[PDB]
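Topology and contacts: notes
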There are 2 protein chains.
Amino acid sequence: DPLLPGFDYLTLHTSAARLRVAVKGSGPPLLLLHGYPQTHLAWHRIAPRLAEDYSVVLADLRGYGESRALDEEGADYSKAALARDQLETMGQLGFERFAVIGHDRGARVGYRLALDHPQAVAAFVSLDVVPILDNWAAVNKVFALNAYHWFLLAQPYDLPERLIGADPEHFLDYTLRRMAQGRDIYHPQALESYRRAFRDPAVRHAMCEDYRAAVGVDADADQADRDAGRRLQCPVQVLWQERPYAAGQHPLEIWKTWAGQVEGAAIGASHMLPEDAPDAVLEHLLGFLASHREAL
Amino acid sequence: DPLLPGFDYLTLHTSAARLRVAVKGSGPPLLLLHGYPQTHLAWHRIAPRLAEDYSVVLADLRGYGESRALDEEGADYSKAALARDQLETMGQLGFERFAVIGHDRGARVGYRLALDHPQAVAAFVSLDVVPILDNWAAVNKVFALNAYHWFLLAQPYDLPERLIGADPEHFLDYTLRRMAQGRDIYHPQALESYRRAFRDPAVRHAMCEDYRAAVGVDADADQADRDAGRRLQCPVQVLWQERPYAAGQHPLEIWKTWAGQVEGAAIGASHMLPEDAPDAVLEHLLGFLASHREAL
Ligand SMILES: [Cl-]
Ligand SMILES: [Cl-]
């Protein structure tokens, strides 16, 4: 089967970025946002099916893949900035209000977009992500061992850039295998795209900047919303990895503290839901989008 | 001033290691144990003064500096194994019972030695270290950011070896500056010795193995002692960095849960007490050793 058949590849010029986007379909708009260390190609098992019924927009996050900040010295890689990129992207394409489906860092862009710009987000789906404020509250020995890179990549410039940049393909391949729990989920051609992006020192730097923002400004934004009692205003679906969750850490429970309309389900796969469990994800997504068709 | 004037450099052949040792003095024996990413030369501002009144033994920990495990494929780098190296070292030199002064990883060797072999340890001094069990209980977001390397270096073989090995001098120099809080504390000739050790891939691997053991077997040993109610049997002194401590985390408080005879003081310096605050350390050490002369 070919990758993203019928998708039209665009480069959008926005106020602060040059963004790679791929689009297909007609009907209500959906924006799909990948995570780390990937690109929009992570959606290749999901996006074709959705494009049969919806307007589907796939984007590389600022700094990832083929998307770049225009300021290559000191750009803002906070989730708030990347959320504004999404508003500009969808606006240019003709959409002022749209559903957002995110995985990993893209879910973090997505919920920040929903909180900051509730008029723009019709529905939100998180694939195996809860807000960073909740993650930081969960840090203990096992968390920090499991997610050591959250701490490495957030160290001050240029410590992690120097380490991860020495043998970029080794580190990329190690990371993808680990995130997949050793499962054979990566299409060899999607892999080459992830590899080429990671060989670019600007991409690696942007990734570090994402992780620095997660520690700092992104967490501060989440706290300000929590302080204000601000919640997502749209229907929310969370699809999470089947694993044990400590008290207070179950993703459905967490999302119910951030939104009044929440549903979800466990999926028996790795964290890499788009590539590992696309049929299960599709079944849940299609049902959610159909059930909230009025919201769209 | 010359480095370690009058110290006699030896290589000891023990059951499991070839150990670099430097000795000077006469009288009651003291064993001084450096930490990461250093060698016995870290004691150069302290050991000469002590050798005026005591038998002073400086050792490179197994795998650090010029000390090596005989098994270079699968050696044991647990604190228990390095504690046995100390028993063999001091025994070969003519001492069955001795005081131990440790800094950083060497304090961790030291307290494990005192717990496992209480008949051998007359007195114990910890420079800015508490037991690893207590450290792990303290892990939160800020701990993991500050001490990110505790999590990096404990990742499975050969992830951290690959990262830290790419540009060893960059990583060593970064780490030393950070641990010193930017203070100009490293004698340029001691530095060259730390650098040469870190350029050896076997040393870097042994360091990773230390950090892996800290997560695993070392913590398990501490828990077994806590479960058994086993405490250090000798007088203990702890000299700690002056900084705020959360409830339960003050080093004097912690050591009092591990030993019935504890004293200590705060020192206004970085974590690198031997090099940063040698006069303050000496004043406290000399008074402690003199006050417990009978124990010796
Ligand atoms: Cl994530
Ligand atoms: Cl330590």
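Per the PDB entry, chain A is named PROBABLE EPOXIDE HYDROLASE, and its organism is Pseudomonas aeruginosa pao1.

This part takes up unusual backbone geometry. Cis geometry is adopted by the peptide bond preceding B:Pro37, which originates at B:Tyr36 and carries an omega value of -5 degrees. Examined against the element boundaries, B:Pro37 turns out to sit in the loop between β3 (29-33) and α1 (47-50). In this structure, B:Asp158 follows B:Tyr157 across a cis peptide bond, with omega equal to 5 degrees. Looking at the secondary structure, you find B:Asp158 in the loop between α6 (148-152) and α7 (159-164). Positioned with a positive phi, A:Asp104 is a non-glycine residue whose angle comes to about 60 degrees. Residue classification places A:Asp104 among the buried positions, given a relative accessible area of 8%. Despite not being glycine, B:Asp128 shows a phi value in the positive range, around 60 degrees. Along the chain, the position of B:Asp128 falls in the loop between β7 (121-127) and α4 (132-137).

Bringing the packing of helix α3 (residues 105-116) of chain A against helix α11 (residues 217-228) of chain A into the picture now. Residue and element names in this part refer to chain A. Taken N-terminus to C-terminus, the directions of α3 and α11 make an angle of 40 degrees; their axes are 12 Å apart at the nearest point. In this view, α3 runs oblique relative to α11, as classed from their interaxial angle. The interaxial crossing formed by α3 with α11 has left-handed handedness. Across the interface between the two elements, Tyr111, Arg112 and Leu115 from α3 touch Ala221, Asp222 and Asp225 from α11. Split into classes, the residues belonging to the contact of α3 with α11 amount to three nonpolar, no polar and three charged.

Let's shift gears to the relation of the copies chain B and chain A. With an axial shift of 0.0 Å and an RMSD of 0.0 Å, the rotation relating chain B to chain A amounts to 180 degrees. These values place the two chain copies in the arrangement generated by a two-fold rotation axis. The residues that chain B uses at the interface reappear at the interface of chain A in 100% of cases, marking a shared surface.

It is worth spelling out the environment of B:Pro235 at this point. Residue and element names in this part refer to chain B. As for its position among the elements, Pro235 is in the loop between α11 (217-228) and β8 (236-241). A residue is classified by how much of its surface remains accessible, and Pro235, at 6% relative accessible area, is buried. Distance from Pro235 to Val21, taken between C-alpha atoms, is 25 Å for residues 214 residues apart in sequence. Not counting residues within four places of it along the chain, the set of residues in contact with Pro235 comprises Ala122, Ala123, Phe124, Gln261, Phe288, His292 and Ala295.

Each partner contributes residues to the interface: chain B has 23 residues there, and chain A has 23 residues. At the surface where chain B touches chain A, the tally comes to two salt bridges. A salt bridge links A:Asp167 to B:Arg162; its shortest N-O distance comes to 4.0 Å. Our count for the contact surface shared by chain B and chain A stands at six residue pairs in polar contact. Elements with a minimum of two residues in the side of chain B that touches chain A: α5 (141-146), α6, α7 and α8 (168-179) of chain B. Looking at the side of chain B that touches chain A element by element, the count peaks at four residues for α8(B). Along the lines of polarity and charge, the residues of the side of chain B that touches chain A split into 16 nonpolar, three polar and four charged.

The next point concerns the pairing of strand β3 (residues 29-33) of chain A. Residues and elements named next belong to chain A. In terms of residue burial, β3 counts as a mostly covered element, since five of its five residues are buried. In β3, alternate side chains face the same way, and those of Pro29, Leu31 and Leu33 on one face and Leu30 and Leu32 on the other are all buried. Pairing between β3 and strand β4 (residues 55-59): five bridges, direction parallel. Bridge pairing in β4 links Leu30 to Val56. Bridge count for β3 against strand β6 (residues 98-103) is four bridges, and the pairing is parallel. Across the sheet, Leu32 pairs through a bridge with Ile101, a residue of β6.

The next subject is helix α3 (residues 105-116) of chain B. Residue and element names in this part refer to chain B. End to end, α3 covers 17 Å across 12 residues, agreeing with the expected 16 Å (1.5 Å per residue, within 8%). Among the 12 residues that make up α3, 11 are buried, leaving the element largely enclosed by the rest of the structure. Taken together, the buried positions of α3 are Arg105, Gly106, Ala107, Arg108, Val109, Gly110, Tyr111, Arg112, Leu113, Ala114 and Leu115.

What follows is about the packing of helix α10 (residues 201-215) of chain B against α11(B). All names here are of chain B. Relative to each other, α10 and α11 sit at 35 degrees, their axes nearing to 3 Å. Residues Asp210, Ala213, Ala214 and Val215 of α10 touch α11, and the partners they reach there are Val217, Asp218 and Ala219. Grouping the amino acids of the contact of α10 with α11 by side-chain chemistry returns five nonpolar, no polar and two charged.

Counted under the stated rule, the structure contains 44 salt bridges over all chains. A salt bridge links A:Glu66 to A:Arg20, with the shortest nitrogen-to-oxygen separation between them at 3.0 Å. Here A:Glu66, found in the loop between β4 and β5 (68-69), pairs with A:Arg20, found in strand β2 (residues 17-24); they are 46 residues apart in sequence, far enough to count as distant. Relative accessible area serves as the criterion here: at 44%, A:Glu66 is assigned to the partly exposed category. Among the residues examined, A:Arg20 registers a relative accessible area of 15% and is labelled buried. Residue B:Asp218 pairs with B:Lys79 through a salt bridge whose shortest N-O separation is 2.8 Å. Pair noted here: B:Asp218 is in helix α11 and B:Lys79 is in helix α2 (residues 79-93), with a separation of 139 residues, a long-range link.

Residue and element names in this part refer to chain B. Structurally, the position occupied by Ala99 is in strand β6 (residues 98-103). Note: C-alpha distance between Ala99 and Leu87 (12 residues apart in sequence) is 12 Å. In this structure, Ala99 is in contact with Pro29, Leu30, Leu31, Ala122, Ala123, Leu289 and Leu296, ignoring residues within four places of it in sequence.

This next bit is on helix α10 (residues 201-215) of chain A. All names here are of chain A. Counted at 1.5 Å a residue, the expected span for α10 with its 15 residues is 21 Å, and the 22 Å between its end C-alpha atoms agrees. In terms of burial, α10 is largely enclosed, as 13 of its 15 residues are buried. For α10, the N-terminal cap is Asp200; the gap from its side-chain oxygen to the backbone nitrogen of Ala202 is 2.9 Å.

Now for the packing of aromatic side chains. The description of two aromatic rings rests on the distance between their centres and on the angle between their planes. What the rule picks out here adds up to 16 aromatic pairs over all chains. Ring centres 5.1 Å apart and planes at 75 degrees place the aromatic pair A:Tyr36 and A:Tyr211 in the edge-to-face group. Separated by 175 residues along the polypeptide, A:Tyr36 in the loop between β3 and α1 (47-50) and A:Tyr211 in helix α10 bring together distant segments of the chain. Each of the two residues, A:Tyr36 as well as A:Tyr211, counts as buried. Judged by centre distance (5.6 Å) and plane angle (85 degrees), the ring pair of B:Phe143 and B:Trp150 falls under edge-to-face. By the burial criterion, B:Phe143 is buried, and B:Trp150 matches it. An aromatic cluster is defined as three or more aromatic residues linked by ring pairs; in this entry it consists of A:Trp136, A:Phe143, A:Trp150 and A:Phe151. The ring of A:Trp150 is capped by A:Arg105, whose NZ or CZ atom sits 5.7 Å from the centre of that ring. The aromatic ring of A:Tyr211 is capped on one face by A:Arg105, whose charged end is 3.9 Å from the ring centroid.

Reading guide: rules and limits
Residues numbered from 1 in each chain as written, not as in the entry; some residues may be left out. Chains lettered and ligands numbered in written order. Heavy atoms only, no water. Helix = DSSP H or I, 4+ residues; strand = E, 2+ residues; numbered from the N terminus. Buried < 20%, exposed > 50% of the residue type's maximum accessible area, 1.4 Å probe, protein only. Axes fitted to C-alpha atoms, helices over the stretch in contact; angles between N-to-C directions. Parallel < 35°, antiparallel > 145°, perpendicular 65-115°, else oblique. Left-handed = near helix turned anticlockwise from the far one by under 90°. Contact = heavy atoms within 4.5 Å. Nonpolar A, V, L, I, M, F, W, Y, C, P; charged D, E, K, R; others polar. Least-squares fit on C-alpha atoms. Salt bridge = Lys/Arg side-chain N within 4 Å of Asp/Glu carboxyl O. Polar contact = N/O pair within 3.5 Å; in protein donor to acceptor, adjacent residues only side chain to side chain. Pairing = 2+ DSSP bridges. Expected span 1.5 Å × (residues − 1). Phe/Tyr/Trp six-rings, centres within 6.5 Å; stacked < 30°, edge-to-face > 60°. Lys NZ or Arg CZ within 6 Å of the ring centre and 35° of its normal.

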